[PDB]
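Trainee: One structure coming up, written as structure tokens, with questions to follow.
Just so you know, all these numbers are worked out from the coordinates, no wet-lab data involved. Note that we place each Cβ from the backbone using ideal geometry, even for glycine, and neighbour counts take in every protein chain shown.
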Amino acid sequence: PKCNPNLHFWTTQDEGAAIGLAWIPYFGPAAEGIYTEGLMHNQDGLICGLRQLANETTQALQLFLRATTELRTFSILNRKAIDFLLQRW
Amino acid sequence: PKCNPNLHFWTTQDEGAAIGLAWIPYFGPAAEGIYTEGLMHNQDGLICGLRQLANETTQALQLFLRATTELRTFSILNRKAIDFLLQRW
Amino acid sequence: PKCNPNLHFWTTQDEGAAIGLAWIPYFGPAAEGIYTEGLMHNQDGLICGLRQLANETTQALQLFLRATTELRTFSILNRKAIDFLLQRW
Amino acid sequence: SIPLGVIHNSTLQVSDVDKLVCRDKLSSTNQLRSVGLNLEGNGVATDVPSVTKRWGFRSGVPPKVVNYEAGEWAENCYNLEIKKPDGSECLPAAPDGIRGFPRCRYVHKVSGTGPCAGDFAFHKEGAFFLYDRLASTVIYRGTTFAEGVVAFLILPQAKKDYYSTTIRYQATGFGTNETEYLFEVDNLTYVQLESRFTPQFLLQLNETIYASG
Amino acid sequence: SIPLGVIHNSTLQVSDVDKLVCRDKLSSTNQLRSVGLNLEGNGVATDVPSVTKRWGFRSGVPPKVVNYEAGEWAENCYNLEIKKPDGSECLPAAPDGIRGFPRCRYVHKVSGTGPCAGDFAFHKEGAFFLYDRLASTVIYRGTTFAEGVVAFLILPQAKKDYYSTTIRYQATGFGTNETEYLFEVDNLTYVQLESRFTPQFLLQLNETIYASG
Amino acid sequence: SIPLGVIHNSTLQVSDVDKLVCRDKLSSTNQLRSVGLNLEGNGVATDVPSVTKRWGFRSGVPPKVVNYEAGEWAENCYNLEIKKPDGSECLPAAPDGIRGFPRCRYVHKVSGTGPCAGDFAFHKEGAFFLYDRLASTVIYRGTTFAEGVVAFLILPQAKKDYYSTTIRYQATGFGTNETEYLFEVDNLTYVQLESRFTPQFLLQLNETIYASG
Amino acid sequence: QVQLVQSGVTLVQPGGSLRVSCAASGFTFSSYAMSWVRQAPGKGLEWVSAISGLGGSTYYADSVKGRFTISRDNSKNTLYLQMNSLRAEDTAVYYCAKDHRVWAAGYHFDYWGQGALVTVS
Amino acid sequence: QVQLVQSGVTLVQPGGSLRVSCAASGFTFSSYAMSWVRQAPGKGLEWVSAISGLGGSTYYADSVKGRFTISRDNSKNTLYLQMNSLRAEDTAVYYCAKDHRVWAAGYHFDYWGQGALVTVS
Amino acid sequence: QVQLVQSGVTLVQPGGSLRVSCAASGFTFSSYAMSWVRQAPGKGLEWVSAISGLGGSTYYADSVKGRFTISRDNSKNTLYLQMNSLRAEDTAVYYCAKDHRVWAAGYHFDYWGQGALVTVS
Amino acid sequence: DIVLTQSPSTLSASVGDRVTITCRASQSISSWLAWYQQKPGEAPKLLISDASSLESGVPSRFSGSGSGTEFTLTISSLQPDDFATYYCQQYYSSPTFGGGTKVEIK
Amino acid sequence: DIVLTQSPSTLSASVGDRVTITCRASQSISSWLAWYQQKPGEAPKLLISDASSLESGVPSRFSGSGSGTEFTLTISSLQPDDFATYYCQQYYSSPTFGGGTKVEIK
Amino acid sequence: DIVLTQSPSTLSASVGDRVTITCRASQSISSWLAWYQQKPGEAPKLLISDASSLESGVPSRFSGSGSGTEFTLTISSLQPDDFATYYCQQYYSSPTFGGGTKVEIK
Ligand SMILES: *[C@@H]1O[C@H](CO)[C@@H](O[C@@H]2O[C@H](CO)[C@@H](O[C@@H]3O[C@H](CO[C@H]4O[C@H](CO)[C@@H](O)[C@H](O)[C@@H]4O)[C@@H](O)[C@H](O[C@H]4O[C@H](CO)[C@@H](O)[C@H](O)[C@@H]4O[C@H]4O[C@H](CO)[C@@H](O)[C@H](O)[C@@H]4O)[C@@H]3O)[C@H](O)[C@H]2NC(C)=O)[C@H](O)[C@H]1NC(C)=O
Ligand SMILES: *[C@@H]1O[C@H](CO)[C@@H](O[C@@H]2O[C@H](CO)[C@@H](O[C@@H]3O[C@H](CO[C@H]4O[C@H](CO)[C@@H](O)[C@H](O)[C@@H]4O)[C@@H](O)[C@H](O[C@H]4O[C@H](CO)[C@@H](O)[C@H](O)[C@@H]4O[C@H]4O[C@H](CO)[C@@H](O)[C@H](O)[C@@H]4O)[C@@H]3O)[C@H](O)[C@H]2NC(C)=O)[C@H](O)[C@H]1NC(C)=O
Ligand SMILES: *[C@@H]1O[C@H](CO)[C@@H](O[C@@H]2O[C@H](CO)[C@@H](O[C@@H]3O[C@H](CO[C@H]4O[C@H](CO)[C@@H](O)[C@H](O)[C@@H]4O)[C@@H](O)[C@H](O[C@H]4O[C@H](CO)[C@@H](O)[C@H](O)[C@@H]4O[C@H]4O[C@H](CO)[C@@H](O)[C@H](O)[C@@H]4O)[C@@H]3O)[C@H](O)[C@H]2NC(C)=O)[C@H](O)[C@H]1NC(C)=O
Ligand SMILES: *[C@@H]1O[C@H](CO)[C@@H](O[C@@H]2O[C@H](CO)[C@@H](O)[C@H](O)[C@H]2NC(C)=O)[C@H](O)[C@H]1NC(C)=O
Ligand SMILES: *[C@@H]1O[C@H](CO)[C@@H](O[C@@H]2O[C@H](CO)[C@@H](O)[C@H](O)[C@H]2NC(C)=O)[C@H](O)[C@H]1NC(C)=O
Ligand SMILES: *[C@@H]1O[C@H](CO)[C@@H](O[C@@H]2O[C@H](CO)[C@@H](O)[C@H](O)[C@H]2NC(C)=O)[C@H](O)[C@H]1NC(C)=O
Ligand SMILES: *[C@@H]1O[C@H](CO)[C@@H](O)[C@H](O)[C@H]1NC(C)=O
Ligand SMILES: *[C@@H]1O[C@H](CO)[C@@H](O)[C@H](O)[C@H]1NC(C)=O
Ligand SMILES: *[C@@H]1O[C@H](CO)[C@@H](O)[C@H](O)[C@H]1NC(C)=O
Ligand SMILES: *[C@@H]1O[C@H](CO)[C@@H](O)[C@H](O)[C@H]1NC(C)=O
Ligand SMILES: *[C@@H]1O[C@H](CO)[C@@H](O)[C@H](O)[C@H]1NC(C)=O
Ligand SMILES: *[C@@H]1O[C@H](CO)[C@@H](O)[C@H](O)[C@H]1NC(C)=O
């Protein structure tokens, strides 16, 4: 198949904390100019395996969402973390 | 009082993972034929104490829901888990 | 600046568990007479530093809410707890 | 604070906070579960009128909602579509996501009216109203449910642990010692109801007067 | 990332990430809490006009919401019911669940109009708008609130740590150096407002002209 | 249950449950992240018609929603505003909070009609519909999105890891071997579409017939 | 049938401690809850603390919170109460009391133990 | 090109255990998934268990859940299967099988190993 | 009143390390925040890093993230700065600077320390 | 947090008479009240649940009612056994008691 | 949970004939079915994916179809090689097989 | 991420004159700008907060304004003391500086 070894993404600056006062809404941007736009040129087959991984993950992901009543999930990674804790403790 | 020692339930298959491709929505069932229907004939007084337990639990449960602003709680068991962690760590 | 060393607050009775049967809704109060109203006269500069602390915290708080899509956050303290766990384990 | 149940050696114990377990490793969360349970197991009078007696109305209190993962079959589900006799709705609509109780045996669907003094419909003892994998403090307009309660549980790391009849009614008073009731077979043919009458008996009467009109 | 406060020996410290505690066992979560706080403690000019000056409008930004468990009494609550002078609403409705700030002393309710250039109503410094156990980035139409901030805290394992006046107003400009104000006693009797006037002074004037009409 | 990926020595591994790590201390959660990814990386035929072929309709299933923190640029975004040919809507509105896919390169906006046999619009293979930091099982009415998938990942404690063209269309059939298509330059000037035509080629044709009308 | 057995009385110094044991028989000891109430001489009543029918939920009065520790044993058909740091005010007749209702509701009490006039010096 | 290598056969007593190893070559061993199916003599087929293309997801039939442990090694271009506590029913020809589709979907199988007629006594 | 005390200067080799200490007096040392800015000779300014008024929040420039560690001591009315792995570019005059605003806002600076012309070889 | 008010404090009355006793509170309560008896040395006894539900094995002379805060207890045709001390147990929000109510003869 | 039904159990027929085989299930399924062949000792082979998508390197005589539960497999103009045993692999919800389908001559 | 542009680079002018200095940026900013002075060896000093709020103990000759990206600093009636080097500190999103602005005489 085809696979783009290069990658270009749009992360958020959840932190990085290169912040003055523009953190305030009223003087801040609306919804744009806020997502960092990082590039990537690392290991090529890495991201191909990554895309593969996501395509595989889709299955259990749908089963999970199917297996609740929540609309807007937000609780996954916390659950994974605590699972790892138990798996170690 | 009365108590049915027998039990019959309707769990989900959150996992079990006896899955082909029907995990996809578009080709999957709508909302039914999805809940496993397991039976039970184990210890009799077990489930009577269980029903008792739930009836008791109701109190603190209502107090909890009363004691927030959330509509649709989903965060209980995670909270209980982390509580147990602290209680051990 | 000005700072009120005294304090008077409106906590909830999330627990305290001084409870009879009024925990039930149908016979319970509506939304009032439910919040405990505790007073405080402890260390004076304590609460001034506290107010200061909140005013400082505002920044990262807005950045956080800005940095999601959730409307009604409820998952902060759980996240902080698990962060502390990792920070210790 | 809240209780919690456990399964050690395939039997039950209980522990709020302080009771240690150096045994239950709590390997993961899929074993950690939350379970609903119907009151039919307790064996109350599961007729139609006592329901109205087991309930009430008021206002000033919101609804609240919670999640469970599994429950119990229903020998008596219930749905309601009621208006105040002036013509206005008693109940609020069921919000999105919520759906009827999925797994029924006798759907005691109803319509009728009565003074719904209170913009919400709580249970009297403070039970729940069990929808699809969800409970409420109240009822929602036009949606199947069941009465029941909840418990929370841990399991060990070994294993995991159909017709849907329709029935119809009419009634008035509806939260009153003057509450009336009727049972449907046809457009016109009804009958004054009694607490004696079971779903099976009335189902049988879908033959008797079904013949005699 | 985010700060967090602690209570060791009944006094305060601070720690973001790296400061250990081999002491605070963090026995549970009920001690872990999140707290709102009003700016009245900081002692700003809590008159009516500066509010309008302490605020603003814009668009392109959403609202956001957060939970706290406890706060502070309000010597100055605020509610708003404002339309654009054309006749359209300025503010959006308050969604479900949200309710007025429960615990007030002087409800500075208002109506009026003005160009609400911006579909949302933020605070200027980036404060909050504190509803029942909830804060916002913005204001909602027709609902009491208060101004304040939030902190997060840990507590040790020892313990835990009424009239509601109404007041009314009118105004225009409303986000302007031309903003006007008025105070209500009657249907007709009003007065040009000043920043001097306190709730107590105007409450007193509910006797003076209350007599003199 | 669910998979999860890791970054050990700047390369990849995999582990569901049982594979220990006595190495990855998991210092915090900000390193723990969840990531969307577009299928353009896999290099499918990203024309307009196959989209309709890559999708479908049905009912009885709800929508579901999930959060991710970051994704990928889009060489082909998509938005839809479709009605049933009777005149009624096919799609449901986009609820609050949700917004178009923020970061596009070729917005293949569309209108048209066709029998939308099914009150929701799933992907056929069971992909997603990627909005602003959010995915769905389905599409929402009148909102940009993209096709893609998701993975979950851990990172180590070292670091972190524009025009937005518009394009328009018309079409019918819309889930059919009879599906039609058209491309807009003007009010009136359109053309029968082919899978050959790229955004660049049609953008070029915004010069050719843009001159020749 | 309902046969409470209030233990005998013992003197304990101020600041001391004690473990009460009330026993019961005549019914399902687990299906019902229990509690404790006290009456000092020439005084009225005062609730102390209470328990679920199985031991999960506990409830304590404010005046003695932390000072007293309730407990039972379903297997032995037995109640207990551990107490400590005792003041003079605690001098009273502590009764083990049963509910009217069942399953850890209905704090209003059906039966009453014999009582034990605990003392401090 | 696709060159499966089903290991030879071994006798094991009841309750025993075994580690199979099927090897492959002719393609990207990681891009595809594998599984196991058995055929006892004079019998039809029976799926055993399966794996992702990378080893995250596992899938087991109900009849052998916990008894059998699948595994692979992408680096070695190698499959494995650990098994234990073995009954007589397990006597059959276990095949290592490849999918038609790619990336851990398409359980329907393209190729078929040689098989190994495992036995119990 | 506002009396900053920039420490003296020291030579350190490349890759070395250092702990600065600026002290202050004339106000509530806790109520205000501080930071660090540098000016190499014949150059303009460059923000380094900053702190909350109490030490919770830290903020670092990108160019030196991880290399430098800010810290203070409210009790001692004292600032600090730990630094390491030092390059030649770090040769400059580091100033301890106070804000105009109060309570960890208003990065714009009121006062300015004396400066210390740190060097590398 | 809630407090009761038995009233009257006691009574000194004779057999055959009818007597009512009141019991108030600081806050409104449903029919979630009880009544008791006990004598100088005796272990107590229950009389009513919910403020009107009489107990088993009790004379029907015992009766009371009320709602909100005001609550009653009316008994006709007294007896010597009826001359115990009586009490009023809140159980709305906390199992609260009060000053009790003694009985005697002239 | 789902079960198939090959039908017929087998066949004893000769070259040149055309034959269809059926394959039913207990529950409805899309075009997510497959077919195979194998002989008494041979490792099997794939024939169709999705219930109609023929495989590479296979004669075009092989063909089948269906939907829901009923599913077919029609082959004209048989051969000796065609007289293996054939099977029907569900892969909707679990990779299920069934009784298989043998072939021979009179 | 944001960058400034002092302009002019410097000036060589005499007393009594009036001078304005500009200061641009790559992105729009509110009245969240500042100004400073310092001399070849001296520790600096603050001049304006927010782009117009003059500081205490400063002559009123110092004045500036602007919005968005364009920002000014106008001073009439210069002095010898006024002939320090001046700077322009962004503090919108990061405390950014730039090339500074020197002053002298012919
Ligand atoms: C946990 O599980 C337990 C069961 O193990 C369950 O306890 C059950 O609680 C209900 C609620 O009280 C009990 O039902 C009560 O029964 C008494 C006596 O029963 C006889 O008499 C009634 C009425 O004559 C008959 O209908 C019945 O068939 C029996 O013959 C009733 O008297 C009670 O009714 C009154 O109190 C109820 C509580 O408020 C009201 O619902 C009811 O309307 C009555 O109140 C009315 O009259 C009062 C008179 O003063 C008046 O003051 C009120 O304002 C109102 O007008 C009640 O029906 C049931 O017996 C219990 N089960 C057992 C085994 O004891 C718990 O409910 C459960 N927990 C949860 C959370 O569900
Ligand atoms: C993870 O990543 C992988 C890629 O690495 C991706 O796999 C891709 O899956 C799709 C879906 O099957 C594959 O596309 C199939 O291609 C075959 C053959 O391709 C040739 O033939 C088609 C059609 O003639 C041409 O269009 C194409 O250009 C090639 O020449 C197609 O035959 C398939 O179409 C049928 O099956 C599909 C699956 O249902 C249907 O979408 C399609 O409509 C066809 O079904 C129709 O006909 C059937 C005939 O019996 C009928 O029964 C049906 O009911 C329906 O009417 C299909 O297009 C693609 O090749 C795979 N990629 C690779 C590299 O193999 C996964 O999808 C991805 N995972 C996720 C979750 O996205
Ligand atoms: C944490 O807690 C601290 C307090 O400990 C609090 O800091 C407070 O911040 C506010 C906001 O700046 C400060 O109020 C400023 O006060 C100055 C000077 O005050 C005098 O002058 C004003 C105006 O003449 C008088 O009203 C006042 O009574 C005093 O006499 C004002 O000049 C400021 O106003 C300007 O700046 C503000 C910030 O934008 C604007 O709100 C205001 O509209 C003015 O801006 C306007 O004019 C500008 C002129 O160039 C123009 O550029 C603008 O575009 C706009 O048109 C301001 O009112 C207050 O003093 C601080 N408190 C202390 C003790 O220092 C923090 O706010 C708090 N944190 C949070 C998150 O709440
Ligand atoms: C009572 O029984 C009659 C039949 O004996 C029911 O009428 C049938 O309903 C089913 C579906 O509900 C239809 O498929 C049949 O065609 C009906 N038959 C006739 C003759 O009408 C009737 O629905 C039953 N009553 C209720 C309330 O369900
Ligand atoms: C000003 O005071 C008058 C009374 O002095 C208020 O009018 C009373 O309002 C209360 C409830 O708000 C009523 O119960 C009384 O009957 C009213 N009395 C009269 C004589 O009208 C009036 O509400 C006060 N003004 C405001 C704005 O609250
Ligand atoms: C095709 O190109 C023309 C110009 O060559 C576009 O028309 C311009 O659109 C921009 C903004 O979209 C305007 O600012 C110009 O004023 C327009 N110029 C003219 C001459 O109309 C046109 O929008 C392009 N087509 C599409 C579908 O975007
Ligand atoms: C578990 O309980 C059973 C009987 O219920 C008993 O025979 C067995 O010894 C118990 N095992 C453990 C480990 O408690
Ligand atoms: C009456 O019943 C018939 C079917 O028996 C149905 O067609 C009709 O709609 C019903 N009418 C009403 C008003 O319920
Ligand atoms: C706690 O602080 C008090 C004074 O604030 C002091 O007397 C005491 O010794 C301190 N104890 C500990 C354990 O720090
Ligand atoms: C004016 O005030 C009177 C009460 O004093 C009230 O009845 C009336 O509704 C008010 N009208 C308006 C328009 O506010
Ligand atoms: C990390 O991988 C690189 C090559 O990818 C190798 O040179 C290095 O030794 C590895 N280090 C560790 C700790 O695995
Ligand atoms: C047609 O295009 C023109 C601009 O070229 C625009 O003004 C007009 O609104 C368009 N009309 C329709 C119906 O799209």
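Trainee: Can we say K:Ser7 is touching a strand residue (DSSP E or B) at 6+ places or on another chain (Cβ under 8 Å), more than 17 Å from H:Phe109 (Cβ to Cβ) and of a type outside the set (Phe, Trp, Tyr)?
Mentor: Values: touching a strand residue (DSSP E or B) at 6+ places or on another chain (Cβ under 8 Å): yes; more than 17 Å from H:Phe109 (Cβ to Cβ): yes; of a type outside the set (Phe, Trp, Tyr): yes.
Taking the combined requirement at face value, the residue satisfies it.
Trainee: So, in the range F:106-127, how many residues would count as being away from ligand 2 (no atom under 16 Å from the Cβ) and in contact with a strand residue (DSSP E or B) (Cβ under 6 Å, 6 or more places away or on another chain)?
Mentor: First, pick out the residues of the range F:106-127 that are away from ligand 2 (no atom under 16 Å from the Cβ): F:106-116, F:119-120.
Next, from what is left, pick out any that are in contact with a strand residue (DSSP E or B) (Cβ under 6 Å, 6 or more places away or on another chain): F:106-114.
Of the residues in the range F:106-127, 9 are away from ligand 2 (no atom under 16 Å from the Cβ) and in contact with a strand residue (DSSP E or B) (Cβ under 6 Å, 6 or more places away or on another chain).
Trainee: Quick check, is F:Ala117 within 14 Å of chain B (Cβ to nearest Cβ) and more than 13 Å from the chain's Cα centre (by Cα)?
Mentor: Details: within 14 Å of chain B (Cβ to nearest Cβ): yes; more than 13 Å from the chain's Cα centre (by Cα): yes.
Yes.
Trainee: Something else: Quickly run through the range D:6-44 and pick out the residues that are within 16 Å of ligand 1 (Cβ to nearest atom), among the small types (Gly, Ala, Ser) and on the phi < 0 side of the Ramachandran plot.
Mentor: D:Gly36, D:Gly41, listed by residue number.
Trainee: Considering only the range E:117-136, how many residues are in a loop (DSSP other than H, G, I, E, B) and crowded, with 20+ Cβ neighbours inside 10 Å? Explain how you work it out, then say what you get.
Mentor: Taking the range E:117-136 as the starting set, the residues that turn out to be in a loop (DSSP other than H, G, I, E, B) are E:117-119, E:121-122, E:124-130, E:132-133.
Pick out the ones that are also crowded, with 20+ Cβ neighbours inside 10 Å and you get E:121-122, E:126-130, E:133.
Matching residues across the range E:117-136 total 8.
Trainee: Of the residues in the range I:52-71, how many are within 14 Å of chain E (Cβ to nearest Cβ) and farther than 18 Å from I:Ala116 by Cβ? Steps first, please.
Mentor: Let us first name the residues in the range I:52-71 that are within 14 Å of chain E (Cβ to nearest Cβ), namely I:52-60, I:66, I:69-71.
Subsequent filtering for residues that are farther than 18 Å from I:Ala116 by Cβ retains I:52-60, I:66.
Matching residues across the range I:52-71 total 10.
Trainee: Also: Mind checking which strands (runs of 3 or more DSSP E) fall wholly inside the range E:1-98 and carry at least 2 residues that are within 14 Å of chain A (Cβ to nearest Cβ)? Please lay out each step first, then the result.
Mentor: Numbers: elements: E:5-8, E:11-14, E:33-38, E:65-67, E:77-83.
Where strands (runs of 3 or more DSSP E) fall fully within the range E:1-98 and carry at least 2 residues being within 14 Å of chain A (Cβ to nearest Cβ), they are E:65-67.
Trainee: Could you check the range I:38-59 and list, in sequence order, the residues that are within 22 Å of C:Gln59 (Cα to Cα) and under 11 Å from the mean Cα position of the chain (by Cα)?
Mentor: Of all residues in the range I:38-59, those within 22 Å of C:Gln59 (Cα to Cα) come to I:47-59.
Within the range I:38-59, I:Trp47, I:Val48, I:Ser49, I:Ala50, I:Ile51 meet the criteria.
Trainee: Restricting to the range D:1-44, give me the number of residues that are of a type in the set (D, E, K, R) and within 16 Å of ligand 7 (Cβ to nearest atom).
Mentor: First, the residues of the range D:1-44 that are of a type in the set (D, E, K, R): D:16, D:18-19, D:23-25, D:33, D:40.
Checking the rest, the ones that are also within 16 Å of ligand 7 (Cβ to nearest atom) come to D:23-25.
Adding up the residues that qualify gives 3.
Trainee: Kindly indicate whether any position in the range D:198-207 is more than 16 Å from ligand 2 (Cβ to nearest atom) and part of a loop (DSSP other than H, G, I, E, B). Steps first, answer last, please.
Mentor: Of all residues in the range D:198-207, those more than 16 Å from ligand 2 (Cβ to nearest atom) come to D:198-207.
Imposing the further condition that a residue be part of a loop (DSSP other than H, G, I, E, B) reduces the set to D:198.
The answer is yes, given that some residue of the range D:198-207 is more than 16 Å from ligand 2 (Cβ to nearest atom) and part of a loop (DSSP other than H, G, I, E, B).
Trainee: What number goes with the only condition from (1) in a loop (DSSP other than H, G, I, E, B); (2) within 14 Å of chain E (Cβ to nearest Cβ) that A:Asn78 does not pass?
Mentor: If we test A:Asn78 against (1) in a loop (DSSP other than H, G, I, E, B); (2) within 14 Å of chain E (Cβ to nearest Cβ), just (1) comes out false.
Trainee: Still on this structure, I have one more. Would you call E:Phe183 of a type outside the set (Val, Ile, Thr), within 16 Å of ligand 3 (Cβ to nearest atom), surrounded by 15 or more Cβ atoms within 10 Å (Cβ to Cβ) and more than 23 Å from E:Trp73 (Cα to Cα)?
Mentor: Details: of a type outside the set (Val, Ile, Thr): yes; within 16 Å of ligand 3 (Cβ to nearest atom): no; surrounded by 15 or more Cβ atoms within 10 Å (Cβ to Cβ): yes; more than 23 Å from E:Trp73 (Cα to Cα): yes.
When the stated conditions are applied, E:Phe183 does not pass them.
Trainee: Sort out which residues of the range C:51-75 are part of a helix (DSSP H, G or I) and either under 16 Å from E:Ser28 (Cα atoms) or touching a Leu at 6+ places or on another chain (Cβ under 9 Å) (or both), and write them in order of number. Walk me through how you get there before you give the answer.
Mentor: The first filter runs over the range C:51-75 and keeps only residues part of a helix (DSSP H, G or I), leaving C:51-66.
Within the range C:51-75, C:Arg51, C:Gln52, C:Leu53, C:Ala54, C:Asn55, C:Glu56, C:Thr57, C:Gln59 qualify.
Trainee: Still on this structure, I have one more. Among the listed residues C:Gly16, C:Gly45, C:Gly28, identify the single one that is farther than 20 Å from E:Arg33 by Cα and within 13 Å of chain D (Cβ to nearest Cβ). Steps first, answer last, please.
Mentor: Details: C:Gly16 fails: farther than 20 Å from E:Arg33 by Cα; C:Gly45 fails: within 13 Å of chain D (Cβ to nearest Cβ).
When all the criteria are applied, what remains is C:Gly28.
Trainee: Now for a different question. Kindly check whether there is at least one residue in the range A:51-66 that is among the small types (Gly, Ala, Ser), in contact with a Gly (Cβ under 9 Å, 6 or more places away or on another chain) and surrounded by fewer than 16 Cβ atoms within 10 Å (Cβ to Cβ).
Mentor: No, there is no match, as no residue in the range A:51-66 is among the small types (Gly, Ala, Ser), in contact with a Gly (Cβ under 9 Å, 6 or more places away or on another chain) and surrounded by fewer than 16 Cβ atoms within 10 Å (Cβ to Cβ).
Trainee: Let me ask you something else. For the range G:1-106, list the strands (runs of 3 or more DSSP E) that sit wholly inside it and hold at least 3 residues that are surrounded by fewer than 20 Cβ atoms within 10 Å (Cβ to Cβ); which are they? Walk me through how you get there before you give the answer.
Mentor: Working: elements: G:17-20, G:34-39, G:46-51, G:58-60, G:68-73, G:78-84, G:92-98.
The strands (runs of 3 or more DSSP E) meeting that bar are G:17-20, G:68-73, G:78-84.
Trainee: Hey, another quick one. Given the structure, is C:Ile34 under 19 Å from the mean Cα position of the chain (by Cα), aliphatic (A, V, I, L, M), closer than 21 Å to E:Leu37 by Cα and within 14 Å of chain D (Cβ to nearest Cβ)? Steps first, please.
Mentor: Details: under 19 Å from the mean Cα position of the chain (by Cα): yes; aliphatic (A, V, I, L, M): yes; closer than 21 Å to E:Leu37 by Cα: yes; within 14 Å of chain D (Cβ to nearest Cβ): yes.
Spelling it out, C:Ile34 is indeed under 19 Å from the mean Cα position of the chain (by Cα), aliphatic (A, V, I, L, M), closer than 21 Å to E:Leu37 by Cα and within 14 Å of chain D (Cβ to nearest Cβ).
Trainee: Taking the range D:167-180 as the search range and keeping residues that are in a loop (DSSP other than H, G, I, E, B) and either surrounded by 11 or more Cβ atoms within 10 Å (Cβ to Cβ) or within 14 Å of another protein chain (Cβ to nearest Cβ) (or both), which one is nearest to ligand 6 (Cβ to nearest atom)? Break it down stepwise before answering.
Mentor: Initial filter on the range D:167-180 (in a loop (DSSP other than H, G, I, E, B)): D:168, D:173-179.
Keeping just the survivors that are either surrounded by 11 or more Cβ atoms within 10 Å (Cβ to Cβ) or within 14 Å of another protein chain (Cβ to nearest Cβ) (or both) gives D:168, D:173-176, D:179.
On the way: D:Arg168: 58, D:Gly173: 66, D:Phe174: 61, D:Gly175: 63, D:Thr176: 67, D:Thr179: 66 Å.
Ranking the qualifying residues of the range D:167-180, first place goes to D:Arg168.
Trainee: Residue by residue through the range J:53-72, note down the ones that are within 21 Å of J:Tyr92 (Cβ to Cβ) and over 11 Å from the mean Cα position of the chain (by Cα).
Mentor: Those that are within 21 Å of J:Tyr92 (Cβ to Cβ) and over 11 Å from the mean Cα position of the chain (by Cα): J:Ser53, J:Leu54, J:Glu55, J:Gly66, J:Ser67, J:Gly68, J:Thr69, J:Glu70.
Trainee: Show the residue pairs that are 6+ apart or on different chains and have beta-carbon atoms under 8 Å apart, the first residue being within the range E:21-49 and farther than 20 Å from C:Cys48 by Cα, the second being part of a loop (DSSP other than H, G, I, E, B) and of a type in the set (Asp, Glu).
Mentor: Within 8 Å, the pairs are E:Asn30/C:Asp14; E:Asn30/C:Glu15.
Trainee: I need the full set of residues from the range I:72-85 which are more than 24 Å from C:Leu50 (Cα to Cα) and within 13 Å of chain E (Cβ to nearest Cβ), in order please.
Mentor: As a first pass, look at the range I:72-85 and keep what is more than 24 Å from C:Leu50 (Cα to Cα): I:81-85.
If the condition is that a residue be more than 24 Å from C:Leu50 (Cα to Cα) and within 13 Å of chain E (Cβ to nearest Cβ), then I:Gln82 is the only one that fits.
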